[PDB]
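Participant: One structure, pasted below without further comment.
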Amino acid sequence: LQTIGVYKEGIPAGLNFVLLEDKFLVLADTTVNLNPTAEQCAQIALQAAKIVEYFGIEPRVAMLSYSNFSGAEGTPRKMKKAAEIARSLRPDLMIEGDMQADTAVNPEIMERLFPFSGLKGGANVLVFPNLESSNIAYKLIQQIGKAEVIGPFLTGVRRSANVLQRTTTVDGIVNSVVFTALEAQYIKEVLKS
Amino acid sequence: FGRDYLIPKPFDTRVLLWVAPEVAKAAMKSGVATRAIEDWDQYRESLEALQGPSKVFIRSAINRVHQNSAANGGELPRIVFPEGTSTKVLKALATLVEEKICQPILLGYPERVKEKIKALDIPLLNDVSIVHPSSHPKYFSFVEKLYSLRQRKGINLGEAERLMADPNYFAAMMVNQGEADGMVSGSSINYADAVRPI
Amino acid sequence: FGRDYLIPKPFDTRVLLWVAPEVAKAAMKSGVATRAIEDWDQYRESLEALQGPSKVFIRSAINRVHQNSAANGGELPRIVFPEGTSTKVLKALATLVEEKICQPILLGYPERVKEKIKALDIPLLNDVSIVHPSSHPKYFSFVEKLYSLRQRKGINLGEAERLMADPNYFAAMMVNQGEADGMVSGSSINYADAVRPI
């Protein structure tokens, strides 16, 4: 961070992949920012969407909360306002908040209870309101969900850069390198333009 | 009026207003009067005002209600009273209606309110419209207009359904939609609790 | 059961629970069997268990309700359900009683709930206590006890009468006083809105 830095409007953020039979879900930010502000949550999400768009998949984003659209003072307002910012920045993308978790990932719950929601087809990008929720969520899916989880990976830096954990296994080190290489190629291509 | 009530009670405030103008009327018709009262309404008005600085103010006010009412087609403003079974509200409606101020619309069970109307022996308003929320035709039209207003403020479709089931929110929505011209409530509930729906 | 229902629907989860144990019972009685099932109840329990690692848990639970139930006189915990016209609560209760878990007390207008019991073709529970708050004898004893618990927290004698008229508060107060052993609601209301009176 002290040497490479981030690009314009960047935020340093740790991201995971949850792998299912069909889709995968993207989790963030799980290592870096302790209690991210609304502006920050919208940026975490936007980056996560450039990343999912890279794999040719339509990104669907939920600002997670303990509430279904309360806008109430506190976390819900931060996340609701967060989504509002994120749409302000990329209007082609399906982004919403605030909403609970299950309300996110399941398009059926969404159409039954909040048919007004701009998010349909179930979320594929989950932004957390803070670090407690995201680290506990990802490590809990990994241990109980019995769906497979890779990461965490680093995002938002000017150049291809990535941090491992000490607990990282060899598999982890090699796929982590893969992403590093790719983002590097993506950097070169952004350069070409 | 009957075998046990033949003459108005000694402490009846109406007494002055009813007898005095007829005494002046007789003193004039028989011609022993030396100064003529023409506007009978004005005489009575000043008779009322004659006791209470507020009354004259309120009397001026009502005069202004009638003034712009009769200038816009003789129409009376529709006013919603969510508390249709409220004793105090019924008793007020009583004195109100002979004043032709507004068209009162009460809320509650169509019969539990005429039950309370007949219970207070106040037949002045046997015919003022009384509406139960859950029964009104525009009811779903209403629950959705609330929904869009509060679906992002912690309300899903179900809670907006019961919330429009509350006479208060019902009054307010009625007003908002022009299905009523005004509302007044809270003779039963706390100022805060009653203001929140509005 | 009738002319339009002669056989259990193909998809009854009870089928197995009812048929398989009697098949085994027959095979043991007819002597073609080489292993004997003794704990019949256990057998059925395992049969339910077949789908549901949670289902097994609630069954452990129920066996354990029956266990201290039968130790204190077979007495069942009295439980009040304030939302007595809730489709879901009623339908749940149905399955609840034949498991002899609790003695259900519903809240609302007695005939407006027996209407919904007859409306749901759910005769399982034709004999459960149905109580209107305002009508119950301890009502006033209750509004007084709410009064002193909350008069210095924003409640006059009137507001306590009208809040005790809310089935929720009526329920909770039933519980606090020992007129019931517990309560459950929030099948109709927001989590918060339903947790506060408690």
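Ordered as shown in the structure tokens, chains take letters A, B, and onward, while each chain numbers its residues from 1 and ligands are numbered from 1 in the order shown.
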Could you pull the residues within 9 Å of range 53-58 of chain A, counting only C-alpha atoms, minus those fewer than 3 positions along the same chain, as an MDAnalysis selection string?

Facilitator: chainID A and resid 48:50 93:94 124

Participant: Give me, as a ChimeraX atom specification, the residues of chain A touching chain C, with the criterion being at most 12 Å (counting only C-alpha atoms).

Facilitator: /A:67-68,70

Participant: Write a file of the just-selected residues containing C-alpha atoms, as an mmCIF file, in the first residue's frame.

Facilitator:
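Result file follows (again04.cif):
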data_model
loop_
_atom_site.group_PDB
_atom_site.id
_atom_site.type_symbol
_atom_site.label_atom_id
_atom_site.label_comp_id
_atom_site.auth_asym_id
_atom_site.auth_seq_id
_atom_site.Cartn_x
_atom_site.Cartn_y
_atom_site.Cartn_z
ATOM 1 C CA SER A 67 -32.951 -5.700 8.158
ATOM 2 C CA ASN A 68 -35.154 -5.893 5.072
ATOM 3 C CA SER A 70 -35.547 -0.385 7.052
#

Participant: Which chain B residues have any atom within 12 Å of an atom of chain C, and for each, what is the nearest pair of atoms with distance in Å to one decimal, counting only C-alpha atoms, rows sorted by chain and number, as CSV?

Facilitator:
residue,atom,partner,partner_atom,distance
B:154,CA,C:190,CA,9.1
B:155,CA,C:190,CA,8.8
B:156,CA,C:190,CA,9.6
B:157,CA,C:188,CA,11.4
B:158,CA,C:188,CA,7.8
B:159,CA,C:189,CA,6.8
B:160,CA,C:189,CA,10.5
B:161,CA,C:188,CA,10.5
B:162,CA,C:189,CA,8.7
B:163,CA,C:189,CA,10.2
B:187,CA,C:158,CA,11.3
B:188,CA,C:159,CA,8.2
B:189,CA,C:159,CA,7.6
B:190,CA,C:159,CA,8.5
B:191,CA,C:154,CA,11.7
B:192,CA,C:154,CA,11.4
B:193,CA,C:159,CA,11.5

Participant: Okay, now the selection with N, CA and C atoms, as a PDB file, in the first residue's frame?

Facilitator:
ATOM      1  N   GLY B 154     -39.041  -0.123   6.149  1.00  0.00           N
ATOM      2  CA  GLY B 154     -39.233  -1.168   7.128  1.00  0.00           C
ATOM      3  C   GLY B 154     -40.592  -1.783   7.046  1.00  0.00           C
ATOM      4  N   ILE B 155     -41.242  -1.589   5.912  1.00  0.00           N
ATOM      5  CA  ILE B 155     -42.560  -2.144   5.736  1.00  0.00           C
ATOM      6  C   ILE B 155     -42.623  -3.082   4.531  1.00  0.00           C
ATOM      7  N   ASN B 156     -42.999  -4.347   4.745  1.00  0.00           N
ATOM      8  CA  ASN B 156     -43.310  -5.239   3.626  1.00  0.00           C
ATOM      9  C   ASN B 156     -44.800  -5.149   3.306  1.00  0.00           C
ATOM     10  N   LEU B 157     -45.304  -6.041   2.460  1.00  0.00           N
ATOM     11  CA  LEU B 157     -46.705  -5.952   2.041  1.00  0.00           C
ATOM     12  C   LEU B 157     -47.731  -6.234   3.165  1.00  0.00           C
ATOM     13  N   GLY B 158     -47.398  -7.164   4.057  1.00  0.00           N
ATOM     14  CA  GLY B 158     -48.288  -7.530   5.147  1.00  0.00           C
ATOM     15  C   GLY B 158     -48.492  -6.448   6.188  1.00  0.00           C
ATOM     16  N   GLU B 159     -47.381  -5.892   6.664  1.00  0.00           N
ATOM     17  CA  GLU B 159     -47.470  -4.837   7.662  1.00  0.00           C
ATOM     18  C   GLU B 159     -48.194  -3.612   7.075  1.00  0.00           C
ATOM     19  N   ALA B 160     -47.989  -3.294   5.796  1.00  0.00           N
ATOM     20  CA  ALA B 160     -48.726  -2.188   5.176  1.00  0.00           C
ATOM     21  C   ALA B 160     -50.215  -2.543   5.098  1.00  0.00           C
ATOM     22  N   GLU B 161     -50.540  -3.813   4.857  1.00  0.00           N
ATOM     23  CA  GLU B 161     -51.957  -4.186   4.927  1.00  0.00           C
ATOM     24  C   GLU B 161     -52.533  -3.893   6.341  1.00  0.00           C
ATOM     25  N   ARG B 162     -51.916  -4.390   7.421  1.00  0.00           N
ATOM     26  CA  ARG B 162     -52.539  -4.074   8.728  1.00  0.00           C
ATOM     27  C   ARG B 162     -52.494  -2.620   9.104  1.00  0.00           C
ATOM     28  N   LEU B 163     -51.455  -1.927   8.666  1.00  0.00           N
ATOM     29  CA  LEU B 163     -51.314  -0.506   8.962  1.00  0.00           C
ATOM     30  C   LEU B 163     -52.424   0.281   8.272  1.00  0.00           C
ATOM     31  N   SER B 187     -58.143  11.744  19.962  1.00  0.00           N
ATOM     32  CA  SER B 187     -58.817  12.073  21.202  1.00  0.00           C
ATOM     33  C   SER B 187     -58.726  10.861  22.137  1.00  0.00           C
ATOM     34  N   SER B 188     -58.092   9.807  21.629  1.00  0.00           N
ATOM     35  CA  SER B 188     -57.982   8.551  22.354  1.00  0.00           C
ATOM     36  C   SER B 188     -56.503   8.161  22.534  1.00  0.00           C
ATOM     37  N   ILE B 189     -55.651   8.607  21.621  1.00  0.00           N
ATOM     38  CA  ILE B 189     -54.252   8.190  21.621  1.00  0.00           C
ATOM     39  C   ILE B 189     -53.263   9.358  21.964  1.00  0.00           C
ATOM     40  N   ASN B 190     -52.046   9.006  22.359  1.00  0.00           N
ATOM     41  CA  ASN B 190     -51.014   9.988  22.706  1.00  0.00           C
ATOM     42  C   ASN B 190     -50.614  10.883  21.527  1.00  0.00           C
ATOM     43  N   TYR B 191     -50.234  12.137  21.782  1.00  0.00           N
ATOM     44  CA  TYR B 191     -49.980  13.078  20.684  1.00  0.00           C
ATOM     45  C   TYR B 191     -48.985  12.433  19.699  1.00  0.00           C
ATOM     46  N   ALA B 192     -47.906  11.846  20.223  1.00  0.00           N
ATOM     47  CA  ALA B 192     -46.868  11.247  19.377  1.00  0.00           C
ATOM     48  C   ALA B 192     -47.405  10.085  18.548  1.00  0.00           C
ATOM     49  N   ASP B 193     -48.026   9.162  19.276  1.00  0.00           N
ATOM     50  CA  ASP B 193     -48.550   7.940  18.703  1.00  0.00           C
ATOM     51  C   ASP B 193     -49.542   8.248  17.609  1.00  0.00           C
TER      52      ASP B 193
END

Participant: Least-squares fit chain B onto chain C by Cα, in order, and just send back the RMSD.

Facilitator: 0.6 Å

Participant: Please list as a list in words every residue within 9 Å of residue 109 in chain B, counting only C-alpha atoms and excluding residues in the same chain fewer than 6 positions away.

Facilitator: residues 84, 85, 130, 131, 132 and 133 of chain B

Participant: Export N, CA and C atoms of the chosen residues as a CSV table (one decimal), in the first residue's frame?

Facilitator:
chain,number,residue,atom,x,y,z
B,84,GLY,N,-64.5,7.0,15.6
B,84,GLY,CA,-65.9,7.2,15.4
B,84,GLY,C,-66.7,6.8,16.6
B,85,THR,N,-66.1,6.0,17.5
B,85,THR,CA,-66.8,5.6,18.7
B,85,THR,C,-66.4,6.4,20.0
B,130,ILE,N,-70.5,6.8,7.9
B,130,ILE,CA,-69.6,6.1,8.8
B,130,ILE,C,-69.0,4.9,8.0
B,131,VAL,N,-67.7,4.8,8.0
B,131,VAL,CA,-66.9,3.9,7.2
B,131,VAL,C,-66.0,3.0,8.0
B,132,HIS,N,-66.0,1.7,7.8
B,132,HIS,CA,-65.1,0.8,8.4
B,132,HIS,C,-63.9,0.6,7.4
B,133,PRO,N,-62.6,0.6,7.8
B,133,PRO,CA,-61.6,0.6,6.8
B,133,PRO,C,-61.6,-0.7,5.9

Participant: For residue 77 in chain B, list every protein, DNA or RNA residue within 12 Å, evaluated using only C-alpha atoms, and leave out those in the same chain fewer than 2 positions away; present the list as an mmCIF file with C-alpha atoms, in the first residue's frame.

Facilitator:
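Output saved as part_15.cif:
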data_model
loop_
_atom_site.group_PDB
_atom_site.id
_atom_site.type_symbol
_atom_site.label_atom_id
_atom_site.label_comp_id
_atom_site.auth_asym_id
_atom_site.auth_seq_id
_atom_site.Cartn_x
_atom_site.Cartn_y
_atom_site.Cartn_z
ATOM 1 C CA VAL B 65 -65.702 28.958 6.842
ATOM 2 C CA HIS B 66 -69.230 29.702 5.687
ATOM 3 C CA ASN B 68 -65.483 30.733 1.463
ATOM 4 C CA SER B 69 -67.699 27.589 1.576
ATOM 5 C CA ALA B 70 -70.629 29.482 0.035
ATOM 6 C CA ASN B 72 -67.094 27.715 -3.777
ATOM 7 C CA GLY B 73 -70.497 26.178 -4.411
ATOM 8 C CA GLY B 74 -71.933 25.720 -0.925
ATOM 9 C CA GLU B 75 -69.710 22.667 -0.487
ATOM 10 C CA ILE B 79 -63.307 15.561 7.538
ATOM 11 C CA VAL B 80 -62.266 12.132 8.765
ATOM 12 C CA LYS B 100 -72.836 23.397 8.859
ATOM 13 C CA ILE B 101 -69.060 23.360 8.989
ATOM 14 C CA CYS B 102 -67.986 20.042 7.372
ATOM 15 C CA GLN B 103 -69.135 16.646 6.222
ATOM 16 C CA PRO B 104 -68.142 14.285 9.099
ATOM 17 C CA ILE B 105 -66.924 10.780 8.194
ATOM 18 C CA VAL B 175 -56.634 12.936 2.885
ATOM 19 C CA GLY B 178 -58.290 13.662 -1.977
ATOM 20 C CA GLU B 179 -60.933 11.114 -0.887
ATOM 21 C CA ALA B 180 -61.239 13.417 2.154
ATOM 22 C CA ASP B 181 -60.442 17.080 2.594
ATOM 23 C CA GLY B 182 -59.070 16.883 6.075
ATOM 24 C CA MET B 183 -58.684 14.796 9.190
#

Participant: For residue 115 in chain A, which of A:18, A:103, A:60, A:178 is the closest residue, counting only C-alpha atoms?

Facilitator: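 Using only C-alpha atoms, residue 115 in chain A sits closest to A:103.
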
Participant: Between A:155, A:127, A:138, A:165, which is the closest to residue 180 in chain A once you count only C-alpha atoms?

Facilitator: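 Checking each candidate against residue 180 in chain A, we get A:155 as the closest.
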
Participant: Could you name the residues that touch range 48-50 of chain B at 10 Å or less, counting only C-alpha atoms, but leaving out those on the same chain fewer than 4 positions away, as a list in words?

Facilitator: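 Skipping anything fewer than 4 positions along the chain leaves residues 13, 14, 16, 17, 42, 43, 44, 54, 55, 56, 57, 58, 59 and 60 of chain B.
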
Participant: In Å, with one decimal, what is the gap from CA of residue 118 in chain C to CA of residue 106 in chain C?

Facilitator: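 It comes out at 14.8 Å.
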
Participant: Write down as number ranges by chain the residues of range 42-165 of chain A whose backbone DSSP state falls under strand (DSSP E).

Facilitator: A: 60-64, 94-99, 125-127, 148-155

Participant: Mind dumping the selected residues with N, CA, C and O atoms as a PDB file, in the first residue's frame?

Facilitator:
ATOM      1  N   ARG A  60     -24.852  -9.461  -9.744  1.00  0.00           N
ATOM      2  CA  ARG A  60     -26.016  -9.097  -8.932  1.00  0.00           C
ATOM      3  C   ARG A  60     -25.609  -8.818  -7.477  1.00  0.00           C
ATOM      4  O   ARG A  60     -25.163  -9.726  -6.785  1.00  0.00           O
ATOM      5  N   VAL A  61     -25.771  -7.568  -7.023  1.00  0.00           N
ATOM      6  CA  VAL A  61     -25.201  -7.107  -5.750  1.00  0.00           C
ATOM      7  C   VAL A  61     -26.153  -6.806  -4.611  1.00  0.00           C
ATOM      8  O   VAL A  61     -27.081  -6.027  -4.768  1.00  0.00           O
ATOM      9  N   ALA A  62     -25.863  -7.361  -3.438  1.00  0.00           N
ATOM     10  CA  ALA A  62     -26.638  -7.052  -2.232  1.00  0.00           C
ATOM     11  C   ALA A  62     -25.769  -6.494  -1.074  1.00  0.00           C
ATOM     12  O   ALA A  62     -24.740  -7.076  -0.661  1.00  0.00           O
ATOM     13  N   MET A  63     -26.189  -5.344  -0.564  1.00  0.00           N
ATOM     14  CA  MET A  63     -25.586  -4.767   0.611  1.00  0.00           C
ATOM     15  C   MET A  63     -26.268  -5.415   1.767  1.00  0.00           C
ATOM     16  O   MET A  63     -27.447  -5.162   2.024  1.00  0.00           O
ATOM     17  N   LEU A  64     -25.550  -6.282   2.447  1.00  0.00           N
ATOM     18  CA  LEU A  64     -26.184  -7.092   3.459  1.00  0.00           C
ATOM     19  C   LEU A  64     -26.430  -6.254   4.720  1.00  0.00           C
ATOM     20  O   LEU A  64     -25.755  -5.263   4.932  1.00  0.00           O
ATOM     21  N   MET A  94     -27.624  -4.301 -11.475  1.00  0.00           N
ATOM     22  CA  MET A  94     -28.672  -4.671 -10.556  1.00  0.00           C
ATOM     23  C   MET A  94     -28.107  -4.605  -9.113  1.00  0.00           C
ATOM     24  O   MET A  94     -27.346  -5.481  -8.688  1.00  0.00           O
ATOM     25  N   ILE A  95     -28.392  -3.518  -8.389  1.00  0.00           N
ATOM     26  CA  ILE A  95     -27.846  -3.349  -7.030  1.00  0.00           C
ATOM     27  C   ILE A  95     -28.886  -2.842  -6.001  1.00  0.00           C
ATOM     28  O   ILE A  95     -29.687  -1.961  -6.295  1.00  0.00           O
ATOM     29  N   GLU A  96     -28.887  -3.414  -4.803  1.00  0.00           N
ATOM     30  CA  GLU A  96     -29.952  -3.121  -3.864  1.00  0.00           C
ATOM     31  C   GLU A  96     -29.518  -3.179  -2.412  1.00  0.00           C
ATOM     32  O   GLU A  96     -28.497  -3.769  -2.080  1.00  0.00           O
ATOM     33  N   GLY A  97     -30.350  -2.599  -1.551  1.00  0.00           N
ATOM     34  CA  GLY A  97     -30.141  -2.554  -0.115  1.00  0.00           C
ATOM     35  C   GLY A  97     -31.055  -1.533   0.557  1.00  0.00           C
ATOM     36  O   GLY A  97     -31.656  -0.655  -0.084  1.00  0.00           O
ATOM     37  N   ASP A  98     -31.189  -1.672   1.865  1.00  0.00           N
ATOM     38  CA  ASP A  98     -30.548  -2.755   2.601  1.00  0.00           C
ATOM     39  C   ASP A  98     -31.400  -4.039   2.636  1.00  0.00           C
ATOM     40  O   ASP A  98     -32.645  -3.966   2.622  1.00  0.00           O
ATOM     41  N   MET A  99     -30.758  -5.207   2.765  1.00  0.00           N
ATOM     42  CA  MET A  99     -31.518  -6.468   2.871  1.00  0.00           C
ATOM     43  C   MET A  99     -30.780  -7.515   3.665  1.00  0.00           C
ATOM     44  O   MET A  99     -29.564  -7.521   3.709  1.00  0.00           O
ATOM     45  N   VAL A 125     -23.182 -11.366  -5.612  1.00  0.00           N
ATOM     46  CA  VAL A 125     -22.169 -10.518  -4.942  1.00  0.00           C
ATOM     47  C   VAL A 125     -22.654 -10.015  -3.589  1.00  0.00           C
ATOM     48  O   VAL A 125     -23.539  -9.170  -3.515  1.00  0.00           O
ATOM     49  N   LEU A 126     -22.029 -10.491  -2.527  1.00  0.00           N
ATOM     50  CA  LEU A 126     -22.408 -10.092  -1.178  1.00  0.00           C
ATOM     51  C   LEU A 126     -21.361  -9.214  -0.498  1.00  0.00           C
ATOM     52  O   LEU A 126     -20.243  -9.686  -0.153  1.00  0.00           O
ATOM     53  N   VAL A 127     -21.759  -7.945  -0.296  1.00  0.00           N
ATOM     54  CA  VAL A 127     -20.955  -6.951   0.419  1.00  0.00           C
ATOM     55  C   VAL A 127     -21.401  -6.898   1.842  1.00  0.00           C
ATOM     56  O   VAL A 127     -22.592  -6.844   2.122  1.00  0.00           O
ATOM     57  N   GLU A 148     -17.446 -25.343  -1.346  1.00  0.00           N
ATOM     58  CA  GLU A 148     -16.014 -24.997  -1.303  1.00  0.00           C
ATOM     59  C   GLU A 148     -15.686 -23.530  -1.439  1.00  0.00           C
ATOM     60  O   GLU A 148     -16.244 -22.859  -2.309  1.00  0.00           O
ATOM     61  N   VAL A 149     -14.734 -23.060  -0.620  1.00  0.00           N
ATOM     62  CA  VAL A 149     -14.325 -21.636  -0.608  1.00  0.00           C
ATOM     63  C   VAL A 149     -12.846 -21.302  -0.811  1.00  0.00           C
ATOM     64  O   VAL A 149     -11.985 -21.727  -0.033  1.00  0.00           O
ATOM     65  N   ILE A 150     -12.565 -20.482  -1.824  1.00  0.00           N
ATOM     66  CA  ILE A 150     -11.191 -20.052  -2.056  1.00  0.00           C
ATOM     67  C   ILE A 150     -11.025 -18.579  -1.714  1.00  0.00           C
ATOM     68  O   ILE A 150     -11.986 -17.792  -1.763  1.00  0.00           O
ATOM     69  N   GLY A 151      -9.786 -18.207  -1.403  1.00  0.00           N
ATOM     70  CA  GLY A 151      -9.477 -16.863  -0.938  1.00  0.00           C
ATOM     71  C   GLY A 151      -8.955 -16.821   0.496  1.00  0.00           C
ATOM     72  O   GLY A 151      -8.819 -17.867   1.157  1.00  0.00           O
ATOM     73  N   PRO A 152      -8.738 -15.602   1.029  1.00  0.00           N
ATOM     74  CA  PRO A 152      -9.011 -14.272   0.445  1.00  0.00           C
ATOM     75  C   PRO A 152      -7.979 -13.643  -0.490  1.00  0.00           C
ATOM     76  O   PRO A 152      -6.784 -13.800  -0.317  1.00  0.00           O
ATOM     77  N   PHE A 153      -8.469 -12.879  -1.454  1.00  0.00           N
ATOM     78  CA  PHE A 153      -7.616 -12.213  -2.422  1.00  0.00           C
ATOM     79  C   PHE A 153      -7.722 -10.714  -2.307  1.00  0.00           C
ATOM     80  O   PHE A 153      -8.738 -10.189  -1.897  1.00  0.00           O
ATOM     81  N   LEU A 154      -6.657 -10.024  -2.684  1.00  0.00           N
ATOM     82  CA  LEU A 154      -6.568  -8.565  -2.571  1.00  0.00           C
ATOM     83  C   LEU A 154      -6.978  -7.798  -3.822  1.00  0.00           C
ATOM     84  O   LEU A 154      -6.601  -8.135  -4.952  1.00  0.00           O
ATOM     85  N   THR A 155      -7.740  -6.741  -3.613  1.00  0.00           N
ATOM     86  CA  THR A 155      -8.234  -5.972  -4.738  1.00  0.00           C
ATOM     87  C   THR A 155      -8.134  -4.448  -4.591  1.00  0.00           C
ATOM     88  O   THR A 155      -8.297  -3.898  -3.481  1.00  0.00           O
TER      89      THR A 155
END

Participant: Please provide the set of residues having any atom within 12 Å of residue 136 in chain B, restricted to only C-alpha atoms, with same-chain residues fewer than 5 positions apart removed, written as a list in words.

Facilitator: residues 107, 108, 109, 110, 130, 131, 141, 142, 143, 164, 165, 167, 170, 171, 174 and 179 of chain B

Participant: May I have the residues from that selection written out with N, CA and C atoms, as a compact mmCIF listing (two decimals), in the first residue's frame?

Facilitator:
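Output below, filename result20.txt:
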# COMPACT_ATOMS: atom_id res chain seq x y z
N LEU B 107 -65.04 6.56 11.59
CA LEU B 107 -64.46 5.24 11.30
C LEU B 107 -64.61 4.23 12.46
N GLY B 108 -64.95 2.99 12.13
CA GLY B 108 -65.16 1.96 13.14
C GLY B 108 -66.20 1.01 12.57
N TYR B 109 -66.78 0.15 13.41
CA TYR B 109 -67.85 -0.74 12.95
C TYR B 109 -69.12 0.05 12.77
N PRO B 110 -69.65 0.06 11.54
CA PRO B 110 -70.86 0.82 11.19
C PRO B 110 -71.94 0.71 12.27
N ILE B 130 -70.51 6.83 7.92
CA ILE B 130 -69.61 6.06 8.78
C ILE B 130 -69.03 4.86 8.04
N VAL B 131 -67.70 4.81 8.00
CA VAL B 131 -66.93 3.87 7.18
C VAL B 131 -65.98 3.04 8.04
N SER B 141 -56.30 -0.31 -2.99
CA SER B 141 -55.75 0.88 -3.66
C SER B 141 -54.95 1.67 -2.66
N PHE B 142 -55.44 1.62 -1.43
CA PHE B 142 -54.79 2.32 -0.38
C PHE B 142 -53.54 1.52 0.06
N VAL B 143 -53.64 0.22 0.32
CA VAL B 143 -52.49 -0.44 0.97
C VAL B 143 -51.24 -0.35 0.13
N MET B 164 -52.83 -0.12 7.07
CA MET B 164 -53.97 0.57 6.47
C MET B 164 -55.23 0.08 7.14
N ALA B 165 -55.15 -1.02 7.88
CA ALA B 165 -56.33 -1.42 8.66
C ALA B 165 -56.67 -0.49 9.85
N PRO B 167 -57.57 2.93 11.60
CA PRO B 167 -58.31 4.11 11.17
C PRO B 167 -57.42 5.32 10.95
N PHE B 170 -55.62 5.30 7.87
CA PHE B 170 -56.68 5.29 6.87
C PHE B 170 -57.16 6.71 6.58
N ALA B 171 -57.25 7.50 7.63
CA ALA B 171 -57.69 8.86 7.53
C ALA B 171 -56.67 9.59 6.71
N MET B 174 -56.65 8.75 3.16
CA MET B 174 -57.86 9.32 2.55
C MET B 174 -57.57 10.77 2.16
N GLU B 179 -59.69 11.82 -1.22
CA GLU B 179 -60.93 11.11 -0.89
C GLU B 179 -61.54 11.66 0.41

Participant: If we count only C-alpha atoms and set the cut-off at 12 Å, which residues sit around residue 161 in chain A, ignoring sequence neighbours fewer than 6 positions away in its own chain? Please answer as an NGL selection string.

Facilitator: :A and (1 or 3-6 or 12-14 or 153-155 or 176-184 or 187)

Participant: Since we have the selection now, will you write its residues out, keeping N, CA, C and O atoms, as a CSV table (one decimal), in the first residue's frame?

Facilitator:
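again04.csv, freshly written:
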chain,number,residue,atom,x,y,z
A,1,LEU,N,0.8,-1.2,0.0
A,1,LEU,CA,0.0,0.0,0.0
A,1,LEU,C,0.9,1.3,0.0
A,1,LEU,O,0.6,2.2,-0.7
A,3,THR,N,3.9,1.5,-1.1
A,3,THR,CA,4.7,1.6,-2.4
A,3,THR,C,3.8,1.6,-3.6
A,3,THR,O,3.9,2.5,-4.4
A,4,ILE,N,2.9,0.6,-3.8
A,4,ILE,CA,2.1,0.6,-5.0
A,4,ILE,C,1.0,1.6,-5.0
A,4,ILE,O,0.8,2.4,-6.0
A,5,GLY,N,0.2,1.6,-3.9
A,5,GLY,CA,-0.9,2.5,-3.8
A,5,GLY,C,-2.1,2.0,-4.5
A,5,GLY,O,-2.1,1.0,-5.1
A,6,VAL,N,-3.3,2.8,-4.4
A,6,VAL,CA,-4.4,2.4,-5.2
A,6,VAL,C,-4.6,3.4,-6.3
A,6,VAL,O,-4.0,4.5,-6.3
A,12,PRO,N,-8.7,-0.7,-0.7
A,12,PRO,CA,-8.1,-2.0,-0.4
A,12,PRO,C,-9.1,-3.0,0.1
A,12,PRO,O,-9.6,-2.7,1.2
A,13,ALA,N,-9.3,-4.1,-0.6
A,13,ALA,CA,-10.4,-5.0,-0.1
A,13,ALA,C,-10.2,-6.5,-0.4
A,13,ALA,O,-9.8,-6.9,-1.5
A,14,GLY,N,-10.4,-7.3,0.6
A,14,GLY,CA,-10.3,-8.8,0.6
A,14,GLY,C,-11.6,-9.5,0.2
A,14,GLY,O,-12.6,-9.5,0.9
A,153,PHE,N,-8.5,-12.9,-1.5
A,153,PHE,CA,-7.6,-12.2,-2.4
A,153,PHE,C,-7.7,-10.7,-2.3
A,153,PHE,O,-8.7,-10.2,-1.9
A,154,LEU,N,-6.7,-10.0,-2.7
A,154,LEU,CA,-6.6,-8.6,-2.6
A,154,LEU,C,-7.0,-7.8,-3.8
A,154,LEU,O,-6.6,-8.1,-5.0
A,155,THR,N,-7.7,-6.7,-3.6
A,155,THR,CA,-8.2,-6.0,-4.7
A,155,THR,C,-8.1,-4.4,-4.6
A,155,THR,O,-8.3,-3.9,-3.5
A,176,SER,N,-3.9,-18.4,-5.8
A,176,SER,CA,-3.7,-17.0,-5.5
A,176,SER,C,-2.8,-16.4,-6.6
A,176,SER,O,-3.0,-15.3,-7.2
A,177,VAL,N,-1.7,-17.1,-6.9
A,177,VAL,CA,-0.8,-16.7,-8.0
A,177,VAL,C,-1.5,-16.5,-9.3
A,177,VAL,O,-1.3,-15.6,-10.0
A,178,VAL,N,-2.4,-17.5,-9.6
A,178,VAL,CA,-3.2,-17.4,-10.8
A,178,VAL,C,-3.9,-16.1,-11.0
A,178,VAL,O,-3.8,-15.3,-12.0
A,179,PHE,N,-4.7,-15.8,-10.0
A,179,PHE,CA,-5.4,-14.5,-10.0
A,179,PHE,C,-4.4,-13.3,-10.2
A,179,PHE,O,-4.7,-12.4,-11.0
A,180,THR,N,-3.3,-13.4,-9.5
A,180,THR,CA,-2.3,-12.3,-9.6
A,180,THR,C,-1.9,-12.1,-11.0
A,180,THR,O,-2.0,-11.0,-11.6
A,181,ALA,N,-1.6,-13.2,-11.7
A,181,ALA,CA,-1.2,-13.2,-13.1
A,181,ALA,C,-2.3,-12.6,-14.0
A,181,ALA,O,-2.1,-11.7,-14.8
A,182,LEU,N,-3.5,-13.1,-13.8
A,182,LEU,CA,-4.6,-12.5,-14.6
A,182,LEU,C,-4.8,-11.0,-14.5
A,182,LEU,O,-4.7,-10.3,-15.5
A,183,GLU,N,-4.9,-10.6,-13.2
A,183,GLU,CA,-5.2,-9.1,-12.9
A,183,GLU,C,-4.0,-8.4,-13.6
A,183,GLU,O,-4.3,-7.3,-14.0
A,184,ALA,N,-2.9,-9.0,-13.6
A,184,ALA,CA,-1.7,-8.4,-14.2
A,184,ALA,C,-2.0,-8.2,-15.7
A,184,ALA,O,-1.7,-7.1,-16.3
A,187,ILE,N,-4.3,-5.4,-16.2
A,187,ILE,CA,-3.6,-4.2,-16.0
A,187,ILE,C,-2.9,-3.8,-17.3
A,187,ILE,O,-3.1,-2.6,-17.7
